[PDB]
Amino acid sequence: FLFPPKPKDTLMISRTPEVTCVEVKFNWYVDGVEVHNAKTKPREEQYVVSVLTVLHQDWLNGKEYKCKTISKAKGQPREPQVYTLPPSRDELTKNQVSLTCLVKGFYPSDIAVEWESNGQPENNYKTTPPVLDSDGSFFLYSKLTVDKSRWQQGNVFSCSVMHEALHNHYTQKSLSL
Amino acid sequence: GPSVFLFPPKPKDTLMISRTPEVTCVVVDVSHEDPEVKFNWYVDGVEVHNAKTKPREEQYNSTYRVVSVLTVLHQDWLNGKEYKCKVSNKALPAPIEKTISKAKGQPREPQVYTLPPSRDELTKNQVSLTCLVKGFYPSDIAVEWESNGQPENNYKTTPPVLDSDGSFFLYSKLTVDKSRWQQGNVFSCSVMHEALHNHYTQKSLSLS
RNA sequence: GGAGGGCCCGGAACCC
RNA sequence: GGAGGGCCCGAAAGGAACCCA
Ligand SMILES: CC(=O)N[C@@H]1[C@@H](O)[C@H](O[C@@H]2O[C@H](CO)[C@@H](O[C@@H]3O[C@H](CO[C@H]4O[C@H](CO)[C@@H](O)[C@H](O)[C@@H]4O[C@@H]4O[C@H](CO)[C@@H](O[C@@H]5O[C@H](CO)[C@H](O)[C@H](O)[C@H]5O)[C@H](O)[C@H]4NC(C)=O)[C@@H](O)[C@H](O[C@H]4O[C@H](CO)[C@@H](O)[C@H](O)[C@@H]4O)[C@@H]3O)[C@H](O)[C@H]2NC(C)=O)[C@@H](CO[C@H]2O[C@@H](C)[C@@H](O)[C@@H](O)[C@@H]2O)O[C@@H]1O
Ligand SMILES: CC(=O)N[C@H]1[C@@H](O[C@@H]2[C@@H](OC[C@H]3O[C@H](O)[C@@H](O)[C@@H](O)[C@@H]3O)O[C@H](CO)[C@@H](O)[C@@H]2O)O[C@H](CO)[C@@H](O[C@H]2O[C@H](CO)[C@H](O)[C@H](O)[C@H]2O)[C@@H]1O
Ligand SMILES: [Ca+2]
Ligand SMILES: [Ca+2]
């Protein structure tokens, strides 16, 4: 089973994207050109492993990768529309409230969404997996949970989105009372 | 030998008396040497005989897919009883056993919140109506939308997502023409879950 | 008219 | 204090977590 890299890895440089070709003999070929930079790990049993760190720009340009071939999903990429939604008035009676980020109209589904405040990553947030919309693109929601007081006292939060179809592959939207 | 898969009932089926929940045991990868398959069902150890098996199905991949459906009782499923499906085929060393049941744990009542379109989205001709459903447990749930008491079909719902507090949440998005939003239509998000009163609740949403 | 381009029949869908 | 009750402690019993006025 040949697996693709993590969207973030392919998105942010700090990380390193890699493909995985999960008496074992490996032979990798990027668009044919056999390469020798792969690396494997320990082992398992019975019937594996081995990873080829790909280059951000290569994977992005849909280069082929085999050892079973694999590459970036095909189709015209579509840029995400990012919308922030404040908590429901009904949620204002709870100790914590939900700050919502809607990300829709993107393709491929490989994306990374984060929340921050004061240039610092927020901790308590969860993002749904991408969901196929009726128009061929995907959408997801990311929920930030914060103490009710951090919201009412004016703190400003930002939803950050990274995706290949975005200018500079990144965008963000803020949210505050 | 062939493969086996046990499917739980539809969340909405276990929650409404007007519906009949059921468990499904599907067997694929069945050979022709012996396309004969036997099913044995057990409810918490005890074997039951009310299962309905459907005749084998010729699959494009030159194989057979055989299905057995077992009717379960609403309260049984919701109370945690386990359902075991034992398959038997000579083209298989030992009989395959699959067991399924509702997830263990204290059920939690989902909190339902409707969110209007973002001001920025109002520049579009199409807008999103959002329904946030959080804090529920187990993850089995059903979500629907209506407008003025009538069925709305243009919505997509995310799968449940495990939250940091041990509970699940999800979002449901209904897409409507901006004009219908601005004209005062009253939209409503309906949720069905065991931990809800009467297993049902709904929140309205309309232009203020 | 171009030049690009998986989830309704190479195309629709999807930067000038 | 009363009653229930998978995704950190505990090897596990079980508990933290999670309706009762
Ligand atoms: C080996 C080979 O080459 N032969 C082929 C067969 O393998 C192939 O059959 C498939 O085998 C796979 C095993 O390799 C199976 O993988 C497992 O898939 C399940 C998810 O299955 C869901 O969803 C599928 C699509 O999302 C759908 O196709 C399946 O039929 C099934 O749908 C659900 O069915 C149940 C049963 O009816 C529904 O139950 C509901 O129950 C309610 C109350 O009980 C109520 O009554 C409802 O009315 C009733 O429907 C349920 O609603 C359906 N849900 C959906 C999604 O619609 C997955 O969970 C498994 O995951 C686990 O196992 C894997 C290992 O693979 C692990 O990695 C995971 O971690 C999990 O542990 C498996 O992935 C696959 O399901 C089999 N598919 C079928 C059709 O049975 C056959 C059939 O191929 C189909 O597709 C094409 C090839 C086509 O050309 C046709 O052949 C055919 O349509 O083909 C060869 O024989
Ligand atoms: C989250 C996760 O578990 N995925 C990790 C792993 O996924 C395997 C996955 O295999 C998919 C299945 O596909 C067919 O439909 C099946 O019939 C099977 O053939 C096959 O299993 O799920 C199975 C369990 O069912 C299991 O083998 C794995 O969970 O795939 C990668 C490792 O095998 C792993 O990705 C890693 O490597 C990539 C590089 O490509 C990333 O850069 C990361 O380093 C890391 O995530 C993946 O996360
Ligand atoms: Ca095509
Ligand atoms: Ca435990």
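Each chain gets a letter, A, B and so on, in the order its sequence line appears, and its residues count up from 1. Basis for what follows: all heavy atoms, side chains included, without hydrogens, waters or symmetry-related copies.
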Novice: To the nearest angstrom, how far is B/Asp163 atom CG from D/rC18 atom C1'?
Specialist: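 B/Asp163 atom CG is separated from D/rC18 atom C1' by 14 Å.
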Novice: For atom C1', what is the distance between D/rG1 and D/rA12, given to the nearest Å?
Specialist: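 The same atom, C1', in both gives a distance of 29 Å.
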Novice: Starting at CZ of A/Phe106 and ending at P of C/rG5, how long is that distance when rounded to a whole Å?
Specialist: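 That distance rounds to 22 Å.
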Novice: Sticking with atom P, work out how far C/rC7 lies from C/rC15, rounded to a whole angstrom.
Specialist: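 Nearest-Å result for C/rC7 against C/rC15 at atom P: 22 Å.
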Novice: If the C1' atom of D/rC20 is compared with that of D/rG6, how far apart are they to the nearest Å?
Specialist: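 About 24 Å, rounded to a whole number of Å.
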Novice: List for me each residue that meets ring-ring contact (aromatic ring centres under 6.0 Å, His included) alongside A/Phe138, sequence neighbours excluded, and say none if there are none.
Specialist: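 With neighbours one apart ignored, the set is empty.
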Novice: Distance check, rounded to the nearest 0.5 Å: B/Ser172 atom OG versus B/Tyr155 atom OH?
Specialist: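 Answer rounded to 0.5 Å: 7.0 Å.
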Novice: Would you kindly compare A/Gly136 and A/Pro77 by the position of their nearest RNA chain C nucleotide and give the one closer to the 5′ end?
Specialist: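 Looking at RNA chain C, the more 5' nearest nucleotide goes with A/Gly136.
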Novice: My understanding is that a pair needs two contacts under 3.5 Å, Watson-Crick or G-U wobble. By that rule, which nucleotide pairs with C/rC14?
Specialist: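 Base partner found: C/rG4.
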Novice: Give the nucleotide from the list D/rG6, C/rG6, C/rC14 with an atom nearest to the side chain of A/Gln76.
Specialist: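 Output: C/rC14.
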Novice: Please report the distance separating the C1' of D/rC9 from the corresponding atom of D/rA13, rounded so that it comes out in whole Å.
Specialist: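 Between the two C1' atoms, the distance is 14 Å.
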Novice: Taking the P atom in each of C/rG4 and C/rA12, what is the distance between them to the nearest angstrom?
Specialist: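 Their P atoms lie roughly 13 Å apart.
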Novice: Can you check D/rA13 for me, syn or anti if syn means within 90° of 0?
Specialist: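 Because its glycosidic torsion lies within 90° of 0, D/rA13 adopts the syn conformation.
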Novice: Nearest whole angstrom, please: distance from the P of D/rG4 to the CG of B/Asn79.
Specialist: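 Going from B/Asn79 (CG) to D/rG4 (P), I get 16 Å.
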Novice: In whole angstrom, give me the gap between the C1' atoms of D/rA11 and D/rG2.
Specialist: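 Between the two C1' atoms, the distance is 32 Å.
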Novice: Give me each pair satisfying salt bridge (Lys or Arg N to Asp or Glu O under 4.0 Å) with a member in residues 121-140 of chain A, each pair once, sequence neighbours excluded.
Specialist: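 Output for this query lists A/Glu122-A/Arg150, A/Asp133-B/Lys173.
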Novice: Determine if D/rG10 and its strand neighbour D/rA11 meet both stacking conditions: ring centres closer than 5.5 Å and an interplanar angle below 30°.
Specialist: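 No, which means the ring centres are not under 5.5 Å apart or the planes are not under 30°.
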Novice: Specify whether both conditions hold for C/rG2 and C/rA3: six-membered ring centres separated by under 5.5 Å, and ring planes at an angle under 30°.
Specialist: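 By the ring-centre and plane-angle rule, C/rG2 stacks on C/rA3.
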Novice: Can you tell me how far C1' of D/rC7 sits from CZ of B/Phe169, to the nearest Å?
Specialist: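 It works out to 14 Å between those atoms.
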Novice: When you measure from the side chain of B/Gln111 to the backbone of B/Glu109, do you find a donor-acceptor pair of N or O atoms at a distance under 3.5 Å?
Specialist: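 A pair under 3.5 Å: yes.
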Novice: Please state the P separation for the pair C/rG11 and C/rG5 - nearest whole angstrom.
Specialist: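 Rounded to whole Å, the distance is 10 Å.
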Novice: Using atom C1' of each nucleotide, how far apart are D/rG10 and D/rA21 to the nearest Å?
Specialist: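 Taking atom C1' in both D/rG10 and D/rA21, they lie 35 Å apart.
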Novice: Name the pairing partner of D/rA11, where a pair is Watson-Crick or G-U wobble with both distances under 3.5 Å, or state none.
Specialist: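 Its partner: none found.
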Novice: Could you check A/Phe138 against A/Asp135 and say which one's nearest nucleotide on RNA chain C is further toward the 5' end?
Specialist: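 Here A/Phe138 is the residue nearer the 5' end.
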Novice: Tell me, yes or no, whether the heavy-atom count around B/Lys81 atom NZ, taken from other residues, nucleotides or ligands under 6.0 Å, exceeds 12.
Specialist: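 Counting other residues, nucleotides and ligands, NZ of B/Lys81 stays at 12 neighbours or fewer.
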Novice: When the distance from NZ of B/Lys104 to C1' of D/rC18 is rounded to whole Å, what number comes out?
Specialist: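 The distance from NZ of B/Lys104 to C1' of D/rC18 comes to 15 Å, rounded to the nearest Å.
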Novice: Could you tell me how far apart B/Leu162 (CG) and D/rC18 (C1') are, to the nearest whole angstrom?
Specialist: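 For the pair B/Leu162 CG and D/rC18 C1', the rounded distance is 14 Å.
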Novice: Starting the side chain at C-beta, find the nucleotide from D/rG6, D/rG5, C/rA13 nearest to A/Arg78.
Specialist: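 Ranking D/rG6, D/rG5, C/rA13 by closest atom to the A/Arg78 side chain puts C/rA13 first.
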Novice: How do B/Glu109 and B/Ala103 order along RNA chain D: which one's closest nucleotide is nearer the 5' end?
Specialist: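 Its nucleotide being nearer the 5' end, the pick is B/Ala103.
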Novice: Please report the distance, rounded to the nearest Å, between OH in B/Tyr137 and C1' in D/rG4.
Specialist: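 These atoms are roughly 15 Å apart.
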Novice: Would you please classify the geometry between the B/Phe5 ring and the B/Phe7 ring as parallel, tilted or perpendicular, with 30° and 60° separating the classes?
Specialist: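 Tilted.
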